[PDB]
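Before any questions on binding or motion, here is one chain by itself as structure tokens, the form deposited in one PDB entry.
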């Protein structure tokens, strides 16, 4: 017998109840703007499949960000565009403003609202305890929204969280790996960056769901409260699961594998070994203790579970005591 099937615990059937066109991105027709509306100002960075520029919309003098795509399959471009349009206006989701066809690369360029980001390798060292709770809450708003809209991001990590700290403004970016959740669908496990890959990806369990994003969120939270980046520091995808197991223990890993009848790549047998589940205090020291509290550790523990079905949902996460002060302040 093969692996046991799985279904999302929440938002299971939201796409089924939508018109086909909502999620059937292969049939999406792209609406193009005018490439001449935009003049590039300077290069801001790069993606795996893109180069990113600051630009000016010369018809209204608005600053925008332009993501010029490298060669990608057209259906993957349609997928990113369709997801961005479906999610437009949702809390802390980057706003796709336009789509143009670049004359030089002959490739598409996605035009986004401008965000004045502070690089997290500089920002995260300055955040307070309250700042971490605040920005985690804002990320959760974006994730609960996209999950409720039938979409999993699949690439949650600090590089994909833009923060204008001066204005306490956050946007979740780079929807190029995001996918629609359909119950029973088996997904590509070659997604997300190594340090943020969930155990389901590392053991090749394909019937995963929104809860993948919650593992990644827990990896980010751990790196921020312990000031250890990355938290799970694997040398490759196999060693990545070893690093997780040295913290979460091997017992719950093998229980997870047994529960879903997952056939474990034989290369894992010689490297996983046997490891106890460690206490989070092992990562607390004088340089990070001001960011670590009983509430933070309780919240973290409920995100970082092997069994994707047992992780907090984004909505459950937002109701955790860790956020009580944030929730109370946002009410006034």
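Positions refer to the first chain, counted from 1. Each form is matched to the other, and the largest set of C-alpha atoms that superpose within 1.5 Å is called the rigid core. Only residues modelled in both forms are compared.
- The mean C-alpha temperature factor is higher for 95-103 when 79-87 and 95-103 are set side by side.
- For the segment pair 234-242 and 119-127, the entry gives 119-127 the higher mean B-factor, averaged over Cα atoms.
- Based on the entry's C-alpha B-factors, the most elevated value among 259, 159, 141, 154 belongs to 259.
- Per the deposited record, 283 carries the highest C-alpha B-factor of all listed residues (283, 306, 38, 299).
- For residue 209, the recorded CA temperature factor ranks within the lowest third of the chain's modelled residues.
- In the PDB entry, residue 114 places in the middle third of its chain by CA B-factor.
- Split the chain's modelled residues into thirds by C-alpha temperature factor. Residue 177 is in the lowest one.
- When the CA B factors of the chain's modelled residues are split into thirds, the value for residue 185 lands in the lowest one.
- Among the modelled residues of its chain, residue 147 has a C-alpha B-factor that falls in the lowest third according to the deposited record.
Another form exists, deposited with a partner chain bound; not displayed. Remarks below refer to it.
- Taken together, 40, 51 and 56 are fully in contact with its partner chain in the bound PDB entry: each brings a heavy atom within 4.5 Å.
- Among the residues 68, 303, 291, 297, the one placing a heavy atom within 4.5 Å of its partner chain in the bound PDB entry is 68.
- Contact with its partner chain in the bound PDB entry, judged by any heavy atom within 4.5 Å, is made by just one of 281, 36, 270, 26: 36.
- The stretch among 164-172, 103-111, 216-224, 128-136 whose residues place heavy atoms within 4.5 Å of its partner chain in the bound PDB entry is 103-111.
- Compared between the shown form and the other one on the core, the listed residues 261, 206, 105, 148 keep their C-alpha shifts below 2 Å, save 105.
- Relative to the superposed rigid core, the position of the CA of residue 231 differs between the shown form and the other one by less than 2 Å.
- Relative to the superposed core, residue 119 shifts its CA atom by 2 Å or more between the shown form and the other one.
- Closer approach of the C-alpha atoms of residue 145 and residue 121, by 3 angstroms or more, is seen in the bound PDB entry than in the present form.
- Inter-residue distance, residue 172 to residue 120 (Cα): reduced by at least 3 Å in the bound PDB entry versus the depicted form.
- Once the core is fitted, the segments that move between the shown form and the other one, counting only runs of three or more residues with each CA displaced by at least 2 angstroms, are 102-106, 117-122.
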